[PDB]
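Peer 1: All residue numbers for the sequence shown refer to the authors' numbering, where the first residue is 231 and numbers rise by one.
C-beta atoms are modelled at their ideal positions from N, C-alpha and C, and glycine is treated no differently.
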Amino acid sequence: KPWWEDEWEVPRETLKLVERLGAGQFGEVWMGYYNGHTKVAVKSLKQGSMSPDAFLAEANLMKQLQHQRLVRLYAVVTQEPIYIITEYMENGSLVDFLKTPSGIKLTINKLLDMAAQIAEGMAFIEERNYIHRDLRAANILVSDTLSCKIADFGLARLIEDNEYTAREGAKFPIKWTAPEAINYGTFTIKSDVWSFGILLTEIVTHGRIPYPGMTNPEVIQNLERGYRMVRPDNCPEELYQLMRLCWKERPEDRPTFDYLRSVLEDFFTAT
Ligand SMILES: Cc1cccc(C)c1Nc1ncc(-c2ccccc2)n2cncc12
């Protein structure tokens with residue numbers, strides 16, 4: 231659908247980049263304002279660093295995935311430097327927010343709350359037939375009202391039938407990704423469940439890097455023995471047994487996202 235017809239295309243004028251939130255290889259992210267008043271986040275592609283068609287595939291997938299628990303596509307600018315504009319999240323990434331004064335004061339109740347918002351957001355992704363493939367505290371975003379939404383959809387995909395198989399030479403963060411995804415390059419909403427498992431460990435330990443004293447090969451060798459992550463310090467035994475269904479050996483034994491939500495709501499209100 232062409233750009234002079236795209237309901238998503240905006241004149242670049244309408245925008246005003248104020249504070250750079252970050253920079254890397256692929257460009258920059260900025261808070262700014264749309265037509266003066268509405269706070270937004272703007273991702274800009276560093277020319278030449280990656281393909282504009284691949285930059286925008288994120289935007290195009292988000293056009294299809296709209297739900298309160300998901301960070302919302304506002305608009306795109308599809309020339310000079312290419313912009314992706316979204317809804318603004320005031321409190322930045324979950325993984326950082328959990329380390330701040332405010333984050334550090336959160337009760338376990340509040341945390342189990344947030345965890346259920348994330349599972350909700352994924353129960354949508356689940357049911358629309360998408361997979362995320364990058365689910366971790368760094369790719370959860372926090373609002374001014376301490377709610378949570380799924381972010382970063384770089385790797386997110388619609389599936390015809392259950393399997394998405396990566397290209398043989400692909401690497402993903404070992405500590406967060408499911409054995410079959412690391413090994414066979416096969417991803418399903420069940421892989422994402424496994425990661426969610428790992429993210430639970432990030433919520434409940436605030437910041438921390440999962441599998442505390444272990445290198446990647448040590449972490450692989452342990453899984454293969456039938457071990458899983460050592461009960462994080464101060465992790466209610468319940469939520470741990472939950473991470474444990476998230477880490478079942480066979481994916482089809484791994485639970486749904488709707489069910490995780492369901493359970494996380496009980497844990498939450500039971501406290
Ligand atoms: C702008 C954008 C483009 C594509 C995909 C997404 C998820 C976003 N949104 C954001 N992406 C990134 C950030 C962000 C980046 C660094 C630090 C904190 C926030 N952000 C903050 N509020 C909204 C965002």
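Hey, which unbroken runs of the alpha helix (DSSP H) at 4 residues or more fall wholly within the region 406-431?
Peer 2: For the region 406-431, whole alpha helix (DSSP H) runs of length 4 or above, ordered along the chain, are 409-413.
Peer 1: Pairing CB atoms from the region 308-326 with CB atoms from the region 448-456, are three or more of them under 8 Å?
Peer 2: Touching, no.
Peer 1: Measuring from the CB of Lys273, is there a heavy atom of ligand 1 at a distance below 8 Å?
Peer 2: As a working note, residue 273 is residue 43 in the sequence shown. It does: the Cβ of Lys273 is within 8 Å (strictly closer) of some heavy atom of ligand 1.
Peer 1: Along the chain, which unbroken stretches of the alpha helix (DSSP H) at least 4 residues long are found entirely within the region 328-358?
Peer 2: Taking only runs of at least 4 residues, the alpha helix (DSSP H) segments lying wholly in the region 328-358 are 331-335, 338-357.
Peer 1: Nearest to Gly456 by alpha carbon, out of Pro409, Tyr304, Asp343?
Peer 2: Residue 456 sits at position 226 when you count from the first residue of the sequence shown. Ranking the options by Cα distance to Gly456, first place goes to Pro409.
Peer 1: If you check the beta carbons only, do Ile428 and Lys405 fall under 9 Å apart?
Peer 2: Within the sequence shown, numbered from 1, the residue matching residue 428 stands at position 198. Within the sequence shown, numbered from 1, the residue matching residue 405 stands at position 175. Contact: yes.
Peer 1: If you draw a straight line from the C-alpha of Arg438 to the C-alpha of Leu365, how long is it?
Peer 2: Position 208 of the sequence shown, counting from 1, holds the residue named residue 438. Position 135 of the sequence shown, counting from 1, holds the residue named residue 365. Going from the Cα of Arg438 to the Cα of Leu365 covers about 15 Å.
Peer 1: Could you check whether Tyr360 and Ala386 sit closer than 9 Å to each other, using their CB atoms as the reference points?
Peer 2: For the purposes of this step, residue 386 is taken as the residue at position 156 of the sequence shown. For the purposes of this step, residue 360 is taken as the residue at position 130 of the sequence shown. Yes, the pair counts as a contact, with Cβ atoms nearer than the cut-off.
Peer 1: Which residues in the same chain as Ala396 place their Cβ atom closer than 6 Å to its Cβ, once the five residues preceding and following it in sequence are excluded?
Peer 2: Locating residue 396 in the sequence shown gives position 166, where the first residue counts as 1. Excluding residues within five positions, the ones whose Cβ falls inside 6 Å are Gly415.
Peer 1: Here's the rule: buried if 16 or more other CB atoms are within 10 angstroms of the residue's CB, otherwise exposed. What is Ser332?
Peer 2: Here residue 332 refers to the residue found at position 102 when the sequence shown is read from its first residue. Exposed is the call here.
Peer 1: Could you tell me the distance, in whole angstroms, from the CA atom of residue 541 to the CA atom of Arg302?
Peer 2: There is simply no residue 541 to check, as the chain begins at 231 and stops at 501 in what is shown.
Peer 1: How many Å lie between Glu249 and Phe327 at the Cα?
Peer 2: For the purposes of this step, residue 249 is taken as the residue at position 19 of the sequence shown. For the purposes of this step, residue 327 is taken as the residue at position 97 of the sequence shown. C-alpha separation (whole angstroms): 18 Å.
Peer 1: Alpha helix (DSSP H) containing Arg484: first to last residue?
Peer 2: For the purposes of this step, residue 484 is taken as the residue at position 254 of the sequence shown. It is not in any alpha helix (DSSP H) - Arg484 carries neither H nor E in the DSSP assignment.
Peer 1: Mapping the DSSP letters down to three states, classify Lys293 as helix, strand or coil.
Peer 2: On the sequence shown, residue 293 is found 63 positions in, with the first residue counted as 1. Note: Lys293 maps to helix in three-state DSSP.
Peer 1: Under 8 Å from any heavy atom of ligand 1, does the C-beta of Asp326 make it?
Peer 2: On the sequence shown, position 96 is the one that residue 326 refers to. Because some heavy atom of ligand 1 lies under 8 Å away, the Cβ of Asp326 counts as near it: yes.
Peer 1: For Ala353, tell me which candidate among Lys420, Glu482, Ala500 has the shortest Cα-Cα distance.
Peer 2: As a working note, residue 353 is residue 123 in the sequence shown. Per the Cα distances, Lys420.
Peer 1: Which one of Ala367, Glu288, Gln347 has the shortest CA to CA distance from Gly322?
Peer 2: Residue 322 sits at position 92 when you count from the first residue of the sequence shown. Nearest option by C-alpha distance: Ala367.
Peer 1: Taking only heavy atoms of ligand 1 into account, decide whether any of them is closer than 8 Å to the Cβ of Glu239.
Peer 2: Numbered from its first residue, the sequence shown carries residue 239 at position 9. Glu239 Cβ: outside cutoff for every heavy atom of ligand 1.
Peer 1: Answer yes if the region 289-308 comes into contact with the region 330-346, meaning at least three C-beta pairs across the two stretches below 8 Å, and no otherwise.
Peer 2: Because the criterion of three Cβ pairs below 8 Å is not met, the region 330-346 and the region 289-308 do not touch.
Peer 1: Are the beta-carbon atoms belonging to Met280 and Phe256 less than 9 Å from one another?
Peer 2: Against the sequence shown, residue 280 aligns to sequence position 50. Against the sequence shown, residue 256 aligns to sequence position 26. Yes.
Peer 1: Whole angstroms is fine: what's the gap from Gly351's alpha carbon to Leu300's?
Peer 2: In the sequence shown, the residue the question calls residue 351 occupies position 121. In the sequence shown, the residue the question calls residue 300 occupies position 70. So the two alpha carbons sit approximately 6 Å from each other.
Peer 1: Roughly how many angstroms separate the alpha carbons of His362 and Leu295, rounded to a whole number?
Peer 2: Working through the sequence shown from its first residue, we reach residue 362 at position 132. Working through the sequence shown from its first residue, we reach residue 295 at position 65. Using only the alpha carbons, I get a separation of about 11 Å.
Peer 1: Residue range of the alpha helix (DSSP H) that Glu468 falls in?
Peer 2: Walking along the sequence shown from the start, residue 468 turns up at place 238. Here the alpha helix (DSSP H) through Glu468 covers 467-476.
Peer 1: Would a C-beta distance cut-off of 9 Å place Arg458 and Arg484 closer than the cut-off?
Peer 2: Translated into the one-based positions of the sequence shown, residue 458 becomes position 228. Translated into the one-based positions of the sequence shown, residue 484 becomes position 254. No, they are not a contact pair.
Peer 1: Using a threshold of 8 Å, is the CB atom of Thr316 nearer than that to any non-hydrogen atom of ligand 1?
Peer 2: On the sequence shown, residue 316 is found 86 positions in, with the first residue counted as 1. Yes, since a heavy atom of ligand 1 falls inside the 8 Å radius drawn around the Cβ of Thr316.
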